[PDB]
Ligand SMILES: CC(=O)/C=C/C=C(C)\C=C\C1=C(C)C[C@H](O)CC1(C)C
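Given next, in C-alpha cells, is a single chain: the form solved without the ligand.
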C-alpha cells in the first residue's frame, strides 16, 4: 500500500540489501545509471519520496509533511513492510537527512550509511558555514513561487554542472514533473531543518561523499561532518562538480560505492 503509493521496487539478487534513496527534484530513476553495477551482488530496494513527480500528488498532504519526521516514518514503514532487518543505505540530499534520523531511531537497521550531497543545515550560524542566509533563501522561495518554470530553467544546469547535457536534461525532466507547490514546500521544510544537534548520536558507520563544487553544500561541510558524526566516518571527494553525480558521473560514483559498501 505504501509500497504502491511510493513506487517501491526490489531488483537484483544477493545477501545484502542495498537501499537507494533519491533527493530533491528527482525520483528513483536517478539511480538507473549506477544500478547495473550492483544488481548481480545486491538485492536493491528503490522508492520514491512522497514529493516526487512520479508519485500521485494526492498523497502529498501539506498538513502532514511539515518536518522530516513524517518522511522518516515513510522510510521505516517501507523497511518494516518489506521485512528488512538490516541494510546498507545510500541517501542523496534530503534522503541523507532522512537516513540520519532513521539511523538514530533504529540503529540496528543500517550496516552503513552512504550520504551524498548531504548537509545537516543549509543556513549559516555563528562559526558554522551552511552556505545560505535567510534573506537570500526567501528570494529563492519567491522566485520558485513566482515562476517555477524559469527557476528550473536556470537552476538545473547550475546545480548539475557543465558538459553533462544528458544529466541536465534528466534533472530538468524530473523537476518539471514535480508540482510547483510541492517543490517549494519541500524546499522550505529542508531549509528549516537543523540536524547538527543530533549528529553525535549517530552510531552507524558512515561514508560522506561530496563533489568538488555543490551549489547547496560548501566544501567545509564534509570536514564538519567528520568532526561531528558519532559513528566511524570517512569522507570521499569526487573529482567532478555538481549536485547529482549519480547522473553526471555514474562511473566514478559507482566506484566510490563499490569501495564503501559492505560486501
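Numbering follows the first chain given and starts at 1.
Missing here is the form deposited with the ligand bound; even so, the following discussion is about that form.
Not displayed here, the ligand is kept clear of residue 72 by more than 4.5 Å at the level of heavy atoms in the entry with it bound. Using a 4.5 Å cutoff between non-hydrogen atoms, residue 151 counts as a contact of the ligand in the entry with it bound. Contact annotation for residue 190: at least one heavy atom lies within 4.5 Å of the ligand in the entry with it bound. Although the partner is absent here, residue 174 is not a contact residue: none of its heavy atoms lies within 4.5 angstroms of the ligand in the entry with it bound. Among the residues 161, 99, 117, 120, the one placing a heavy atom within 4.5 Å of the ligand in the entry with it bound is 117. For the options 182, 144, 76, 168, the one in contact with the ligand in the entry with it bound, meaning a heavy atom within 4.5 Å, is 144. The candidate spot formed by 19, 47 and 85 lies out of contact with the ligand in the entry with it bound, as no residue has a heavy atom within 4.5 Å of it. Residue heavy atoms within 4.5 Å of the ligand in the entry with it bound occur in exactly one stretch of 232-240, 27-35, 190-198, 56-64, and that stretch is 190-198.
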